[PDB]
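Below is one structure, written out as structure tokens; comments come after it.
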Amino acid sequence: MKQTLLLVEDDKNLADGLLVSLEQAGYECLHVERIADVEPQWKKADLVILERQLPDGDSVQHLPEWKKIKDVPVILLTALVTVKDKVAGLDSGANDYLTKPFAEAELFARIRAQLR
Amino acid sequence: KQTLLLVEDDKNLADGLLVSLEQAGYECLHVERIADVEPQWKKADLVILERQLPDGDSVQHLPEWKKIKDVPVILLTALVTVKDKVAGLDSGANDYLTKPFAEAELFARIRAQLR
């Protein structure tokens, strides 16, 4: 009875703070820190908050195959901020692309838009 | 064909933008005021919507229009703050792109909303 967000983030300090705000807002959260660990949790998520710069590669390269598993909204959240990065991320299947540093208020609003 | 409705009173911007959108294979409808939006709404597969129009702020009218038809809406404006973005998105917009923008980014975001 809560919408489940999958957060894929290897910056521990950021995820720590973000997960508290998301949980306080009433979301159920799953936290993964590597590309190798995304698939087992993918089907449980109602929306994926996905960083690109992960310890085992670039998640945008794996996003099309994840989309084949389940078509959930995906918001890329990364410090790869150029227009070329954004075009690459969105054309690989992402529904939105929020740059780091970001405002939690914007991330919350973009989550709502994807789940309405 | 996929039909785009552009709501833009900056004539020079719309002029150049409409040429790129038509060249990419989209059919385009151009509106320059809020009063001229409703008749075109139902024809659009996606609305590219500026906020700052001669007859007001379209964010005030966006919830109304969403009740007519739930079309993808990308706000395109120079109201660039988090407060503006939050207000725009919570009023029903699916995406919010700030001015100045890159046509390449807008094209990708148009694709994301229509797939």
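If you're wondering about the labels, chains in the structure tokens are A, B, ... by order shown, residues count from 1 in each chain, ligands from 1 in order shown.
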- Message: Contacts from chain A to chain B, 12 Å maximum, only C-alpha atoms: show me the residue list as a VMD selection string.
- Response: chain A and resid 71 73 to 75 81 to 98 102 to 116
Could you write those residues out with C-alpha atoms, as a compact mmCIF listing (two decimals), in the first residue's frame?
```txt
# COMPACT_ATOMS: atom_id res chain seq x y z
CA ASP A 71 8.31 -0.74 -17.91
CA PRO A 73 9.26 5.13 -14.76
CA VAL A 74 13.01 5.76 -14.49
CA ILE A 75 14.55 9.10 -13.43
CA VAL A 81 25.24 16.90 -16.83
CA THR A 82 25.93 17.70 -20.48
CA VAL A 83 23.23 17.76 -23.14
CA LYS A 84 25.00 14.83 -24.82
CA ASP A 85 24.71 12.83 -21.58
CA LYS A 86 21.01 13.78 -21.28
CA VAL A 87 20.20 12.76 -24.85
CA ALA A 88 22.05 9.48 -24.30
CA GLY A 89 20.28 8.77 -21.01
CA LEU A 90 16.78 9.60 -22.28
CA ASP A 91 17.14 7.76 -25.59
CA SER A 92 18.24 4.64 -23.72
CA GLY A 93 14.82 4.51 -22.05
CA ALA A 94 14.90 7.02 -19.21
CA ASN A 95 11.73 9.02 -18.58
CA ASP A 96 13.46 11.97 -16.92
CA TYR A 97 16.98 13.22 -16.25
CA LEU A 98 17.76 15.30 -13.16
CA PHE A 102 19.73 18.82 -7.34
CA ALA A 103 17.03 20.07 -5.02
CA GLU A 104 15.13 17.36 -3.16
CA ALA A 105 11.96 19.40 -3.77
CA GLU A 106 12.46 19.06 -7.53
CA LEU A 107 13.18 15.34 -7.24
CA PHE A 108 9.95 14.92 -5.25
CA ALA A 109 7.90 16.83 -7.84
CA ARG A 110 9.39 14.84 -10.73
CA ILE A 111 8.63 11.59 -8.88
CA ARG A 112 4.99 12.65 -8.47
CA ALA A 113 4.67 13.55 -12.15
CA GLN A 114 5.96 10.11 -13.15
CA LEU A 115 3.56 8.28 -10.81
CA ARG A 116 0.35 10.18 -11.54
```
- Message: I'd like to know which residues of chain B are alpha helix (DSSP H) (by DSSP, run on the backbone); could you write them as JSON, numbers by chain?
- Response: {"B": [11, 12, 13, 14, 15, 16, 17, 18, 19, 20, 21, 22, 23, 38, 39, 40, 41, 62, 63, 64, 65, 66, 67, 68, 82, 83, 84, 85, 86, 87, 88, 89, 90, 103, 104, 105, 106, 107, 108, 109, 110, 111, 112, 113]}
- Message: If we count only C-alpha atoms and set the cut-off at 9 Å, which residues sit around residue 51 (chain B), ignoring sequence neighbours fewer than 5 positions away in its own chain? Please answer as a PyMOL selection string.
- Response: chain B and resi 7-8+56-59+75-79+88
For the residues in the current selection, export N, CA, C and O atoms as a PDB file, in the first residue's frame.
```pdb
ATOM      1  N   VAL B   7       2.950  26.202 -27.764  1.00  0.00           N
ATOM      2  CA  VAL B   7       2.313  27.388 -27.211  1.00  0.00           C
ATOM      3  C   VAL B   7       3.427  28.370 -26.879  1.00  0.00           C
ATOM      4  O   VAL B   7       4.028  28.301 -25.804  1.00  0.00           O
ATOM      5  N   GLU B   8       3.674  29.315 -27.783  1.00  0.00           N
ATOM      6  CA  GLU B   8       4.845  30.174 -27.679  1.00  0.00           C
ATOM      7  C   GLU B   8       4.540  31.510 -28.339  1.00  0.00           C
ATOM      8  O   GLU B   8       4.163  31.551 -29.511  1.00  0.00           O
ATOM      9  N   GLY B  56      -1.518  35.758 -19.740  1.00  0.00           N
ATOM     10  CA  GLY B  56      -1.410  35.203 -18.409  1.00  0.00           C
ATOM     11  C   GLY B  56      -0.437  34.047 -18.328  1.00  0.00           C
ATOM     12  O   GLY B  56       0.444  33.881 -19.181  1.00  0.00           O
ATOM     13  N   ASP B  57      -0.602  33.266 -17.265  1.00  0.00           N
ATOM     14  CA  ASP B  57       0.264  32.144 -16.931  1.00  0.00           C
ATOM     15  C   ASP B  57      -0.486  30.835 -17.152  1.00  0.00           C
ATOM     16  O   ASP B  57      -1.472  30.557 -16.461  1.00  0.00           O
ATOM     17  N   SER B  58       0.010  30.015 -18.079  1.00  0.00           N
ATOM     18  CA  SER B  58      -0.712  28.809 -18.463  1.00  0.00           C
ATOM     19  C   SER B  58      -0.740  27.766 -17.352  1.00  0.00           C
ATOM     20  O   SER B  58      -1.561  26.842 -17.408  1.00  0.00           O
ATOM     21  N   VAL B  59       0.137  27.884 -16.351  1.00  0.00           N
ATOM     22  CA  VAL B  59       0.081  26.964 -15.220  1.00  0.00           C
ATOM     23  C   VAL B  59      -1.278  27.039 -14.545  1.00  0.00           C
ATOM     24  O   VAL B  59      -1.809  26.022 -14.086  1.00  0.00           O
ATOM     25  N   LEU B  75       6.526  21.781 -20.146  1.00  0.00           N
ATOM     26  CA  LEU B  75       6.632  23.216 -19.957  1.00  0.00           C
ATOM     27  C   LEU B  75       7.996  23.686 -20.442  1.00  0.00           C
ATOM     28  O   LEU B  75       9.015  23.027 -20.220  1.00  0.00           O
ATOM     29  N   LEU B  76       7.996  24.812 -21.149  1.00  0.00           N
ATOM     30  CA  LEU B  76       9.195  25.391 -21.749  1.00  0.00           C
ATOM     31  C   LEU B  76       9.199  26.868 -21.386  1.00  0.00           C
ATOM     32  O   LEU B  76       8.480  27.657 -22.005  1.00  0.00           O
ATOM     33  N   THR B  77      10.014  27.264 -20.412  1.00  0.00           N
ATOM     34  CA  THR B  77       9.880  28.631 -19.926  1.00  0.00           C
ATOM     35  C   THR B  77      11.181  29.122 -19.313  1.00  0.00           C
ATOM     36  O   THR B  77      12.095  28.345 -19.027  1.00  0.00           O
ATOM     37  N   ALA B  78      11.237  30.440 -19.109  1.00  0.00           N
ATOM     38  CA  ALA B  78      12.339  31.127 -18.448  1.00  0.00           C
ATOM     39  C   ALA B  78      12.092  31.317 -16.956  1.00  0.00           C
ATOM     40  O   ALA B  78      12.928  31.918 -16.269  1.00  0.00           O
ATOM     41  N   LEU B  79      10.952  30.845 -16.457  1.00  0.00           N
ATOM     42  CA  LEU B  79      10.706  30.695 -15.028  1.00  0.00           C
ATOM     43  C   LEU B  79      11.454  29.442 -14.612  1.00  0.00           C
ATOM     44  O   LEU B  79      10.958  28.325 -14.783  1.00  0.00           O
ATOM     45  N   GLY B  88       4.992  24.121 -11.633  1.00  0.00           N
ATOM     46  CA  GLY B  88       4.617  23.675 -12.966  1.00  0.00           C
ATOM     47  C   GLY B  88       4.291  22.195 -13.010  1.00  0.00           C
ATOM     48  O   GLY B  88       3.254  21.786 -13.540  1.00  0.00           O
TER      49      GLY B  88
END
```
- Query: Near residue 67 (chain B), within 12 Å and counting only C-alpha atoms, which residues show up once chain neighbours fewer than 2 positions away are dropped, as a list in words?
  - Reply: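 My reading of the contact set: residues 38, 41, 42, 61, 62, 63, 64, 65, 69, 70, 71, 91 and 92 of chain B.
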Save the residues we just selected, N, CA, C and O atoms, as a short mmCIF file (atom, residue, chain, number, x, y, z; two decimals), in the first residue's frame?
```cif
data_model
loop_
_atom_site.label_atom_id
_atom_site.label_comp_id
_atom_site.auth_asym_id
_atom_site.auth_seq_id
_atom_site.Cartn_x
_atom_site.Cartn_y
_atom_site.Cartn_z
N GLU B 38 -7.34 25.97 -26.08
CA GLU B 38 -8.39 24.96 -25.95
C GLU B 38 -8.82 24.35 -27.28
O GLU B 38 -8.92 23.11 -27.36
N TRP B 41 -6.24 21.67 -28.25
CA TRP B 41 -5.75 20.71 -27.26
C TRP B 41 -5.99 19.26 -27.68
O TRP B 41 -5.08 18.43 -27.62
N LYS B 42 -7.22 18.94 -28.09
CA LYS B 42 -7.58 17.56 -28.38
C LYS B 42 -6.83 16.99 -29.58
O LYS B 42 -6.74 15.76 -29.71
N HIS B 61 -4.04 27.41 -16.03
CA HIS B 61 -5.00 26.75 -16.90
C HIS B 61 -4.66 25.29 -17.18
O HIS B 61 -5.51 24.57 -17.70
N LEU B 62 -3.45 24.85 -16.83
CA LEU B 62 -3.05 23.49 -17.18
C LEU B 62 -3.92 22.41 -16.54
O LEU B 62 -4.23 21.42 -17.23
N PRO B 63 -4.34 22.51 -15.26
CA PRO B 63 -5.23 21.47 -14.71
C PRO B 63 -6.55 21.35 -15.45
O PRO B 63 -7.03 20.23 -15.67
N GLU B 64 -7.15 22.49 -15.80
CA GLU B 64 -8.33 22.51 -16.65
C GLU B 64 -8.10 21.67 -17.91
O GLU B 64 -8.85 20.73 -18.20
N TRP B 65 -7.04 21.99 -18.65
CA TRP B 65 -6.79 21.36 -19.95
C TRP B 65 -6.56 19.86 -19.79
O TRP B 65 -6.98 19.07 -20.64
N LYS B 69 -8.20 16.46 -21.90
CA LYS B 69 -7.50 15.29 -22.41
C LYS B 69 -6.15 15.21 -21.71
O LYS B 69 -5.48 16.23 -21.52
N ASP B 70 -5.75 13.99 -21.34
CA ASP B 70 -4.49 13.80 -20.61
C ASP B 70 -3.39 13.57 -21.64
O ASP B 70 -2.93 12.46 -21.90
N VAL B 71 -2.94 14.68 -22.21
CA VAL B 71 -1.88 14.69 -23.22
C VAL B 71 -0.56 14.96 -22.51
O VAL B 71 -0.54 15.65 -21.48
N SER B 91 1.11 21.07 -11.10
CA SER B 91 -0.12 21.49 -11.75
C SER B 91 -0.50 20.57 -12.91
O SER B 91 -1.52 20.81 -13.56
N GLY B 92 0.30 19.54 -13.18
CA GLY B 92 -0.03 18.55 -14.20
C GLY B 92 1.01 18.37 -15.29
O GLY B 92 0.86 17.45 -16.11
#
```
- Message: I'd like the contact shell of residue 65 (chain A) - 12 Å cut-off, only C-alpha atoms, skipping same-chain residues fewer than 2 positions apart - returned as number ranges by chain.
- Response: A: 38-39, 42, 59-63, 67-71, 92-94
- Task: Would you mind writing down, as a ChimeraX atom specification, each residue of region 3-108 of chain B that DSSP on the backbone assigns to strand (DSSP E or B)?
- Result: /B:3-7,27-31,46-49,52-53,56-57,73-77,95-98
Write the residues of the selection above to a file with N, CA and C atoms, as a compact mmCIF listing (two decimals), in the first residue's frame.
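This is the output file out-v6.txt:
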```txt
# COMPACT_ATOMS: atom_id res chain seq x y z
N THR B 3 1.53 14.59 -33.57
CA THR B 3 1.15 16.00 -33.66
C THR B 3 1.62 16.76 -32.43
N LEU B 4 2.44 17.80 -32.63
CA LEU B 4 2.91 18.65 -31.54
C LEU B 4 2.20 19.99 -31.57
N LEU B 5 1.72 20.42 -30.41
CA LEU B 5 1.15 21.75 -30.22
C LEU B 5 2.16 22.61 -29.48
N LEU B 6 2.62 23.68 -30.11
CA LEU B 6 3.55 24.62 -29.50
C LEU B 6 2.79 25.85 -29.03
N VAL B 7 2.95 26.20 -27.76
CA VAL B 7 2.31 27.39 -27.21
C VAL B 7 3.43 28.37 -26.88
N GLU B 27 4.05 16.76 -37.11
CA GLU B 27 3.08 17.77 -37.52
C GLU B 27 2.93 18.76 -36.38
N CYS B 28 2.88 20.05 -36.71
CA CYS B 28 2.93 21.10 -35.72
C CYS B 28 1.73 22.04 -35.80
N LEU B 29 1.21 22.38 -34.63
CA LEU B 29 0.21 23.42 -34.44
C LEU B 29 0.84 24.50 -33.57
N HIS B 30 0.69 25.76 -33.96
CA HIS B 30 1.32 26.86 -33.23
C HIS B 30 0.25 27.79 -32.67
N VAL B 31 0.34 28.05 -31.37
CA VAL B 31 -0.57 28.94 -30.66
C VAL B 31 0.28 29.93 -29.88
N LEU B 46 1.22 15.78 -27.95
CA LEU B 46 2.09 16.35 -26.93
C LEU B 46 2.04 17.86 -27.07
N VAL B 47 2.07 18.55 -25.94
CA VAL B 47 2.01 20.01 -25.90
C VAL B 47 3.33 20.53 -25.35
N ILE B 48 3.97 21.41 -26.11
CA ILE B 48 5.14 22.16 -25.65
C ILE B 48 4.63 23.53 -25.23
N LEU B 49 4.65 23.81 -23.93
CA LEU B 49 3.86 24.89 -23.36
C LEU B 49 4.75 25.89 -22.63
N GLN B 52 4.86 32.06 -19.75
CA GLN B 52 4.75 33.52 -19.85
C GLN B 52 4.13 33.88 -21.20
N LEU B 53 2.81 34.05 -21.21
CA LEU B 53 2.06 34.37 -22.41
C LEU B 53 1.42 35.74 -22.28
N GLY B 56 -1.52 35.76 -19.74
CA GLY B 56 -1.41 35.20 -18.41
C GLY B 56 -0.44 34.05 -18.33
N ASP B 57 -0.60 33.27 -17.26
CA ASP B 57 0.26 32.14 -16.93
C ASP B 57 -0.49 30.84 -17.15
N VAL B 73 2.61 16.93 -21.53
CA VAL B 73 2.87 18.36 -21.54
C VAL B 73 4.29 18.62 -21.06
N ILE B 74 5.07 19.33 -21.88
CA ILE B 74 6.40 19.78 -21.53
C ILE B 74 6.33 21.29 -21.36
N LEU B 75 6.53 21.78 -20.15
CA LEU B 75 6.63 23.22 -19.96
C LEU B 75 8.00 23.69 -20.44
N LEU B 76 8.00 24.81 -21.15
CA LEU B 76 9.20 25.39 -21.75
C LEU B 76 9.20 26.87 -21.39
N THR B 77 10.01 27.26 -20.41
CA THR B 77 9.88 28.63 -19.93
C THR B 77 11.18 29.12 -19.31
N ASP B 95 6.81 17.30 -17.85
CA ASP B 95 8.21 17.68 -17.84
C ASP B 95 8.29 19.20 -17.88
N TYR B 96 9.47 19.71 -17.53
CA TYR B 96 9.70 21.14 -17.35
C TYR B 96 11.12 21.42 -17.83
N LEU B 97 11.25 22.03 -19.00
CA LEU B 97 12.55 22.37 -19.56
C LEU B 97 12.76 23.87 -19.48
N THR B 98 13.91 24.29 -18.96
CA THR B 98 14.18 25.70 -18.76
C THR B 98 14.82 26.30 -20.02
```
- Query: What is the CA of residue 10 (chain B) to CA of residue 99 (chain A) distance in Å?
  - Reply: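 Between CA of residue 10 (chain B) and CA of residue 99 (chain A) the gap is 27.2 Å.
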- Compile the contact shell of residue 3 (chain A) as a ChimeraX atom specification: residues with an atom at most 7 Å away, counting only C-alpha atoms, same-chain residues fewer than 3 positions apart removed. /A:27-28,46
Could you dump the residues just selected with C-alpha atoms as a PDB file, in the first residue's frame?
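Final file, again-v7.pdb:
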```pdb
ATOM      1  CA  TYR A  27       7.472   5.966   0.074  1.00  0.00           C
ATOM      2  CA  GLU A  28       8.839   2.465   0.406  1.00  0.00           C
ATOM      3  CA  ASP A  46       7.149   1.469  -8.954  1.00  0.00           C
TER       4      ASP A  46
END
```
